[PDB]
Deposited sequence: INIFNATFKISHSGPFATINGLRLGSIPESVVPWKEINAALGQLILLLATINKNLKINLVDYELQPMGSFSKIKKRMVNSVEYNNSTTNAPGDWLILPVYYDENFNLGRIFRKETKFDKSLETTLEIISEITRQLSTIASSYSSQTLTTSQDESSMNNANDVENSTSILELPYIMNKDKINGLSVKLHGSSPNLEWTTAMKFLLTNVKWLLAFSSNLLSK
């Protein structure tokens, strides 16, 4: 396993995609506590910052701030601090921005490679056609699946980042 795969195991349990065992999503049948969801998001943000740190990726308009269950993203607009956790909404904007960031890291990764593409398309708040936003409402199967697509995209991003470091 690579240096990233070693610390971040992205897999799936039942209908939930998981990162180091933490389920990123929640459905009425099997409710996942926000503490778990926020910790999962925290690990994702840390994972992304890890890739940027190691591959020397410079994000001009964004700044990742891993902070456990209260992780944040600073978006230049001076900067707007978005909460990548819960407890339309600022949370919704953090998730869409996470997609923007994944796209940007991917773009710079391909640049570095030349001197790389993810499986699911990300357009605004939608990944593979599903929205990462729940507008204040509680998680549903759609959002849970959208998150599954997001982590799959990240799992690939991870792989590429590792191949390059070789």
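A.B. asks: Which residue ranges of the deposited sequence are not present in the modelled coordinates?
C.D. replies: Those stretches are 78-92, 103-113, 142-168, 220, listed in order.
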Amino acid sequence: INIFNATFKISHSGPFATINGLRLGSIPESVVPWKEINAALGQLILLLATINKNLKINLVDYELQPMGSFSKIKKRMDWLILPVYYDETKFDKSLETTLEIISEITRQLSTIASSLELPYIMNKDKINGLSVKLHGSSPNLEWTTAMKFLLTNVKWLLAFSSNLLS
From here on, numbers count along this sequence of modelled residues.
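A.B. asks: Output the stretch having the higher mean C-alpha B factor in the entry; the candidates are 39-47 and 118-126.
C.D. replies: On average, C-alpha B-factors are higher across 118-126.
A.B. asks: Which has higher Cα B-factors on average according to the PDB entry: 65-73 or 134-142?
C.D. replies: Mean B over CA atoms: larger for 134-142.
A.B. asks: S110's Cα B-factor: lowest, middle or highest third of the chain?
C.D. replies: Highest third of the chain for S110's C-alpha B-factor.
A.B. asks: Comparing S26 with the other modelled residues of its chain, is its CA B-factor in the lowest, middle or highest third?
C.D. replies: Its C-alpha B-factor, which the entry lists for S26, ranks in the middle third among residues of this chain.
A.B. asks: Using the B-factor values recorded in the entry, state whether the Cα atom of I102 falls in the lowest, middle or highest third among the modelled residues of its chain.
C.D. replies: It belongs to the lowest third of the chain when residues are ordered by C-alpha B-factor.
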